[PDB]
């Protein structure tokens, strides 16, 4: 049978993203809009820094900027925590450790407001080097493909997720960003607690040639795998 959570994603869903950030005291806000098509694991989003210039590189925020849009193969439907928490939603928390630099801590509430899927995020960054790769804007405007590893956390009625992002630095090297994540439902109802599996991501970053505000256009495809 098709669950209520699943049913909410069978078509194209509008997305709204709102982020308030503070990294080493540099405060900033970002809005984003677009749409998600979970049947195809497809996200199309555009983000605007509404406070002026973004004080960190856009690529460092890609992971923070709606895993309910992942394409789960039919045979893995019973492992889709994210959709099972809908419409009431889930809270996602991460710590992102930039190797040899600072860390971001994030908290996102992901839920429906009417027909719109909303990702409302608070991000706090501390201990960054003011001339490191982040605050010194040394990262390339591009993005690699990665796997994200998911396991159940029964004791929390949620999941634990971990993965490593490698950001290309302008000198040809790599800035590693080690991600630790937990998700917990907002409601009190049952969710799907998955067996171990992963999501496979590919991401493309671009610019809107008519946009004069500081911004990022993101095209992302996400597919669940690892159980067959």
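Positions refer to the first chain, counted from 1.
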{"property": "Absent coordinates between residue 47 and residue 48 - deposited residues affected, binned into four classes", "result": "none"}
{"property": "Stretch exceeding the other in mean C-alpha B-factor - 145-153, 116-124", "result": "145-153"}
{"property": "Comparing 94-102 with 74-82, the one whose average Cα B-factor in the PDB entry is higher", "result": "74-82"}
{"property": "Options 199, 61, 169, 159 - largest CA temperature factor per the record", "result": "159"}
{"property": "Among modelled residues of the same chain, the CA temperature factor third for residue 66", "result": "lowest"}
{"property": "Residue 30 by Cα B-factor - lowest, middle or highest third of the modelled chain", "result": "lowest"}
{"property": "Chain-relative CA temperature factor third for residue 184", "result": "highest"}
{"property": "Residue 57 by Cα B-factor - lowest, middle or highest third of the modelled chain", "result": "lowest"}
{"property": "Relative C-alpha B-factor of residue 222, binned into the chain's lowest, middle or highest third", "result": "middle"}
